[PDB]
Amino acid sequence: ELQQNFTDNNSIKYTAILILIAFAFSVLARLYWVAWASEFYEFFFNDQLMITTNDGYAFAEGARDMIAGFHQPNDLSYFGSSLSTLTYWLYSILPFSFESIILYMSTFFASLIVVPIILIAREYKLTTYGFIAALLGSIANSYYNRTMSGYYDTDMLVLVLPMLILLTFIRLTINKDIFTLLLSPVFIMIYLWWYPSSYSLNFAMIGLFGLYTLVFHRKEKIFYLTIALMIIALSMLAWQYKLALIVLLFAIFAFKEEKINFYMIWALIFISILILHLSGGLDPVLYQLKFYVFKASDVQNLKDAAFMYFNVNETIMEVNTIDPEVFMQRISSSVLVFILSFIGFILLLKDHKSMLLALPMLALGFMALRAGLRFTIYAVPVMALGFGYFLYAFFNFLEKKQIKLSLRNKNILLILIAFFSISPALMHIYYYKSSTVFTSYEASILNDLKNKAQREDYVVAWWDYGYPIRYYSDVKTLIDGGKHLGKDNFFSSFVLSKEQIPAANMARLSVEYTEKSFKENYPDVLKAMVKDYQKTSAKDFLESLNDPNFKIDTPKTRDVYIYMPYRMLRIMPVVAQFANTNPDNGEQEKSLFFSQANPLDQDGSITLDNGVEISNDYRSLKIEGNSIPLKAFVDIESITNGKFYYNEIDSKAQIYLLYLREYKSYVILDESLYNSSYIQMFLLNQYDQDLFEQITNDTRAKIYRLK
């Protein structure tokens, strides 16, 4: 059984068996988390585990609304979005509950990545090494991270499609396959339909395919024709125009031998580049660079049409930077396998020139080093192929140096190598005991909100929570995962971190002006607010919001709820940072002192996660070797009852220490954050009953209503 030769085998039957085994491996591998999570009630809702990224609830809301057949005007529902649409088709065709489909789609579709990897390896007569590469590439750390069970997001096909395009380019270079003329464009369309941001990669790949053609195939018409077709597929033409051109020119080339003259096809390239140009061409690319590579604040380019806002880029986890070791493990689950993968990729390049067309994806992945961990994904399968090639190279070496190795022993060696190098990825899965976006309890609080509020009502929350809130509660939000620039975030930041009088003025005004902006398209909503109430600057207007005698000339068109969950506590200073910024200025206003930490236990002088020693006295802290006096120790025994004990310490001091008995947690904050709407209305349950009605009072979250 093991004595036979697998390396030389590239048959369709063997390749199908390998694809099936690798695909079952990919699925099986992301089934471990489901087995783990299933024993915890905290992760369920509606008899099924819950989704596992914040962004999944956007497409989940969209799917739900497609199934119901409508949404509200200007809830920003992803109705008609690609992933919502595929979810709706599968839901109508299959017998599983909505939550199960939405849970398992990534587990199915992300595993398709196994197909192009080993078909590409097969085009080079290396199918078995392709199998190894597909094993590594399907579960490699960062790829797994964004495609595990419950990662109900657009990432699940975001490498599958470009890899299929690559395969298509390879078949054209090796067999001059005429079906590329059809599939190359079609795939680009599918890619653009599934993930519009793909524009940039497509533009790069097509672009390189052009330069490649000017070099290695400067005379083969099929390359120029497919380039023109692909440029059309990149454009904003309606789909019927695109498909008409693609199928038309395809038949004309496939069944005509007098074919298309070269002048005509250069004309087609010119018409094409003109069309893509009208379609905005290259502008989306420079915009994406502006946000990710150059990290500019004003990315929409509105100098004095907007105010100046804190930059969200340095605030998003996905976009956070990463050190070389973590970069390498993100791509290959290990430093060693990464080095060998890179060597392998070089060797593959200087043996198969066509793999040059893989350089954009590779480049995108490396761009993570400047642009954030998010991007390593794009280098995972290319590099996996590199690793495949390294192995082929190595054993090739071992024969070109006449090393006595049986077939059985070469095969045992291969199986052992693949297992040992795939180990770090499996270990990563085992340890990546990721949890749900929210807890069942929060989903229950938000679903009861659904039965209490109206579809046309708003809840002011932080943008992190916009998609789940709209999913579980079916209401409107001010900000969410895709509406979260500084200019967007400012209002929720203000509502949550200022005092209650101006926070409630801002909740009414911000919800009303957002709703108006659907009909009026303000480039800056705050700027419409300012230049409406006859104020001179942003600061002038905002300071006038502090007035208990504030006139409100905008009539009330809906209820406005405010959502205050316990889990916001640890990101409160970051939330606060947005409204801490003078819009006239861009300038920071106050310093914001905050942190939350857990005791390690107790003897005698408590230590906490963050190295902050709490005095035995409960009268001073010791941060970084410096002892700082406390103004007060607030001992909170009931977040819902608002039962707490305010111990005065030093009227001359300025920092507060809070103990959360119901969580065994400590908070260290300043006067400005202590008086914020969140800390008062959530932690201490002190709210102006003339301004808000308490709708939900729970230790894990509070919901208030304006009036």
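Start at 1 and count along the sequence shown; that's the residue number.
The segment from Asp603 to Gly604 is interrupted, since 1 to 3 residues of the deposited sequence in that interval carry no coordinates. Per-stretch averaging of Cα B factors for 551-559 and 423-431 places 551-559 on top. Note on 529-537 vs 371-379: mean CA B-factor is higher in 529-537.
Considering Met328, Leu201, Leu245, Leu112 together, the PDB entry gives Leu245 the largest C-alpha B factor. Set against one another, the Cα B-factors of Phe494, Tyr104, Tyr467, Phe216 in the record reach their highest point at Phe216. In this PDB entry, the Cα temperature factor of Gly486 sits in the bottom third of its chain's modelled residues, the lowest group.
Among the modelled residues of the chain, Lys401 sits in the highest third by CA temperature factor in this PDB entry.
Sort the chain's modelled residues by C-alpha temperature factor and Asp698 lands in the lowest third, per the entry. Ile12: CA B factor lies in the highest third for its chain, per the PDB record.
Placement of the Cα temperature factor of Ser77 within the chain: lowest third of the modelled residues, per the deposited record.
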